[PDB]
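What follows is a single chain, given as structure tokens, in the form deposited in one PDB entry.
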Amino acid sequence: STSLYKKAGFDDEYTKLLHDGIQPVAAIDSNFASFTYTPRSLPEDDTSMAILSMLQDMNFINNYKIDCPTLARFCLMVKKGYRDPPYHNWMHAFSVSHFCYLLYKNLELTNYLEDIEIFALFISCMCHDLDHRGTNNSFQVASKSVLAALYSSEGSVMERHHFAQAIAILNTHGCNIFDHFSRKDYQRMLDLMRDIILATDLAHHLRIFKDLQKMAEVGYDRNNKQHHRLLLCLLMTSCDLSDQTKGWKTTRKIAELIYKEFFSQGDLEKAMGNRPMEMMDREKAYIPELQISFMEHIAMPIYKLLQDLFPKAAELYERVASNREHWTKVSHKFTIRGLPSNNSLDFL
């Protein structure tokens, strides 16, 4: 079935990073630190090297005295910790991480948050969807999975699992990048990573929205600890939906990947004798309308809030609005429900 997604495992890629894993960012691409860069254009084999390059460029390898081969092992473990569903794979975590690096390079993050908080945001970006199965939180509960048994009573099933997988990698032999960290700082990292990963659940975003709005309405406070907590949540959700800030071709390809993933879950729910949500039912979903709704209600407010706090982020919101206008303009060519027989949106 289209719902079966494999895990890589349980030396040549490590030695390659040990050879020339730290390359100056400009050698990767002259456009690498721009909001016009598309990290999905980077070959998958060069992504682990780009992670190190961004960490070095932000100076986190020297500021935190991170042992380079420990970081090389950790990155490869994070990469290996992703399965291969159409959307929630390593290439998604890599692109989300790159956008966190873009926010640091283009917005003045050091003038809003502590070095430790931005470093936590980046690491959380790499880990935020670890071991994702191509299915959502409702599916875990309905399929009565081990993950639902462990976490449903606490809420955010997948997000708690993703954080647990990040902790397991850290507690693996030679992957603890924070090994030399002090007891209070090591725990600070674990606590930041937990809140940041939990902020990737839509349910959470929907609950903190009024508070995000009020923070932007009043104005950011560099001395207010709660303001640092709320900013990190908005920044995490902006990294997670960052493919919408790119060109039309990226939003069109990401729609193709997410609906292939959503539709496979729906087919699995139908085989289980359950009725899927409309967006997960290939016989009911009309992708342009679903995209417009997702962009109006979820993506556009997140970037509108980011524009209110960071003036330099205005271009991001306008690209998201433009992509939304593009889906309305294209809806006349897309006259069918679901995806075409070949799973491609290239015809648009």
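Just count from 1 along the sequence shown to find any residue number. Shifts are known only where both forms have a C-alpha. Each form is matched to the other, and the largest set of C-alpha atoms that superpose within 1.5 Å is called the rigid core.
One more form of this protein should be noted, the form deposited in another entry, which is absent from this view; the next part is about it.
Legend entry - Position that moves between the shown form and the other one after core superposition, taken from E256, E117, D243, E159, with Cα shift of 2 Å or more: Correct option: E159.
Legend entry - C-alpha of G134 moved at least 2 Å between the shown form and the other one on rigid core: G134: C-alpha displaced by 2 Å or more between the shown form and the other one.
Legend entry - Threshold 2 Å Cα movement between the shown form and the other one at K144, rigid core reference: It does shift by 2 Å or more.
Inset, instruction - Would you say whether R40 is displaced between the shown form and the other one, judging by a C-alpha shift of 2 Å or more on the superposed rigid core? - result: The answer is no, as the C-alpha of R40 shifts between the shown form and the other one by less than 2 Å after core alignment.
Legend entry - Cα distance between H204 and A149, which in the other form differs by 3 Å or more from this form, closer or farther: Relative to the displayed form, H204 and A149 draw closer in the other form - a change of at least 3 Å between their C-alphas.
Inset, instruction - Explain in one word, closer or farther, how the Cα atoms of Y151 and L212 are placed in the other form relative to this form, where the distance changes by 3 Å or more. - result: Residues converge in the other form, at least 3 Å closer.
Inset, instruction - Could you point out the stretches of 3 or more consecutive residues whose C-alpha atoms all move by 2 Å or more between the shown form and the other one when the rigid core is superposed? - result: Runs 131-160, 268-272, 277-285 stand out as displaced between the shown form and the other one - each at least 3 residues long.
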